[PDB]
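Given next are two forms of a protein chain, the same chain in both, each as structure tokens and marked structure 1 or structure 2.
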Structure 1
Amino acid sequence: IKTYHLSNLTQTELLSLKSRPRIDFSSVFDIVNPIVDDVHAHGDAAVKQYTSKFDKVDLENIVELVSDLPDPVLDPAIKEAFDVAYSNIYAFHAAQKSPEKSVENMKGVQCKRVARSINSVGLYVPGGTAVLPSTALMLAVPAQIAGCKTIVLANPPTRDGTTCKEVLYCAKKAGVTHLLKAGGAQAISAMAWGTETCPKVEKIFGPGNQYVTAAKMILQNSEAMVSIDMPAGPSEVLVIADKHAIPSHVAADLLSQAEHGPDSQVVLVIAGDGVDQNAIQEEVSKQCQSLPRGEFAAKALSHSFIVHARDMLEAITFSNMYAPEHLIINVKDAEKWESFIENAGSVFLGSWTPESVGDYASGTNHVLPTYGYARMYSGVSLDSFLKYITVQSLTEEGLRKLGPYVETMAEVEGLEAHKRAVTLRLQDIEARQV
């Protein structure tokens, strides 16, 4: 409910706004380490125990090959909607391919950067009661485009043990190879180390909850030889609204984020004068009462806050400091403010572009950096699933011309074998002129 005016604040007060409520992950590591170690040591049996324990389901086989599962049949309207998403997500991400053009800054010194897919990747889509086929498209489409050979999707089952069929449809469309019917730390460990039946993966994506996230943090510093997309905290939106924003559409934007759960973070920034803060707030109350996830949204909004900025430059400056997962800019001429944005996972410009268009189908990626990590991490993209290999090839003339400079730098550095690798080659070359 809290309201702040940027003119009222000291440098110390600013800073407490920039930082999210502390999550002590050390605490969460203590809970997660035994689970990670158990799966590491005892494999599928251990995974089955934790799945029985936490998801209250007992599994025969925790992994299946997706190409052996039947094509599920969906309501045609539902199917077409996910085909549209797929199509837009596919096109946005395919357009991120780098051309691989060679640089020749001196004659005969040809260098280039080429993309190779990460061979094996693991994707975490939360499950049980959550039905998250959208996240499945977000992780698997760019994997598919990148060409990854093994694609493990981890998706904890419903209370009976049934795979969410929309997720499965999405997984089949994006070439997921393996479906791992587990969640939690236990699923992260199984992909990081591999098991009797779950392939070992080289990189793991999707933030899951704070327990998934902790295991990812832990396993990236372990011997498992696994990298992750990014660390994480709760989901967030920051909305900037000016007097041209419709109060009820602003309210709906706040609740759209709030309904993700009690820990979602909402920030309303009011840029300029003439905005009816009251109407927005009342409109939030009215809309919240009919939401089936209204209890979640209300718990979330109990630690939301409002910020008054006297102008749009101040609003954006505050948003840059904050570094929001999602940024909504509902102000006149929103597009013009783009070159002022420095830190945000994803940006929604104007009045017709709610967060859920990006959550589902605009084509951008919704697995975005939270907690302030947009300061140095990007949302998942095609490049998240590639390594770039640098290549250089010299001709004789190139080495003739570049070698001496190399000789010089190696001497300066005290590295004489580095020098001789070149000199010995130059001797051979000069020896073959008569």
Structure 2
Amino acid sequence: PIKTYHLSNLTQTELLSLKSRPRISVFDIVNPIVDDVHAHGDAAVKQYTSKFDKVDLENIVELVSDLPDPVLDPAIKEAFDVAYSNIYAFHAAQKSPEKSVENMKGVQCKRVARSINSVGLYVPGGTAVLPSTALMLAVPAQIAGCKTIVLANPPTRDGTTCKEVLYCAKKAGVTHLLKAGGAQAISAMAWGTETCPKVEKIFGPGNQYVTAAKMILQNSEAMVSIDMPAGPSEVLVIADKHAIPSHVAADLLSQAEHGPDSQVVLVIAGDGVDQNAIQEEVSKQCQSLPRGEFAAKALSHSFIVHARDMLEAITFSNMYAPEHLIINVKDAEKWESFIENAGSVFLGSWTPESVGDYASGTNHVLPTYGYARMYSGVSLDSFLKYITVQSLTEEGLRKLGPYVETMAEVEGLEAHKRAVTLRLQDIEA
């Protein structure tokens, strides 16, 4: 049975300890792999793939335009097309119109979007192969107009890339496919290799080694950034007495099954919830799951929290800062304004996280560990830089210049002042 707490019973210290996650040192493990791929390129990459993935490969990088359109069972194709369609739509909707701002006459300022020229997209292939993720990452990259898009994916035992992953890659305009995983893949993209293009930003979810390699390389001389630490999946469910216990259980197990590293949280809000029934459903449903062993392992670090009301429930959720939040309560939409920290939100009774994981259109590459306090999930803007642009007329510089001179004086920065003064003297003549 899942561990239980009551919020009023807890000291500040006990409460704050509930923010902690199950898994971890990783830098120590991962650093030598990164440096080795930095120094030795494709050769090291192949070796790392042999070691962990138990696959020997000579061609680790394929141009996607060279590879044939894979053939898919048509129900599978139809499903991934619905997903592509919904994700495309949700992300295309995020294009901001670039309005000029002119608050002083002759002082024109603006923002313009430019795509990151090359990006690397890590698509997990460990305990489960995730073409959903390929759509989550490649679709917004396609919309952004990124010129080089390298998608990394560790191969299957027979040396092959999952055909659903290749389908999505082609549909979203991925240019290069890196048949590699883990920290060796992340390092190959960050540094470039003989065959792998060097990227400017690395995206995507992964295991703790992938995640730690991402975190390391952002500080390296490779000159690379990342989206976020998007590690082991989490879900927090808030349920009231109207929620159907079996659906709640199903929802908790939907992400528990990802891995033993996952963490799940049930917040019971108000009176009237048959916690026993929920518990009975979790055990019942868990033991019939192919991945019930992983799920049970994940459940072992999961917990139930009882909250006197919905404001208290959502207040706790905000402290925990879950990757995913399912609000299964009466009038769930009305509580939306109290949500502060959550990567993605599922409101109501007909909105299992699964729809967001796969095809509602939102992005499932979301921050874990509590990183939802300051990071957003992947979005169109994750692939863009906003360059600010300004242009002054003579009149404009006559109006604004003297104030800039005053402020430069205050800061003790005479050259800053002179660049204005020199121009205003020239205008005077």
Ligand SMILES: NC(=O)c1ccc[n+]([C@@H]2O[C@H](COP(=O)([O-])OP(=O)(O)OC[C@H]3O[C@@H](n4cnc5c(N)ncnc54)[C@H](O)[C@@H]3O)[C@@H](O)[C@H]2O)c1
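Each form is matched to the other, and the largest set of C-alpha atoms that superpose within 1.5 Å is called the rigid core. Every residue number counts along structure 1's sequence, beginning with 1.
- Note on provenance: structure 2 matches the form solved in complex with nicotinamide-adenine-dinucleotide (NAD).
- Core-based alignment between structures 1 and 2 gives a C-alpha movement of 5.0 Å at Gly128.
- For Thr213, the Cα deviation between structures 1 and 2 after core superposition amounts to 1.0 Å.
- On the core-superposed pair, the CA position of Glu202 changes by 0.4 Å between structures 1 and 2.
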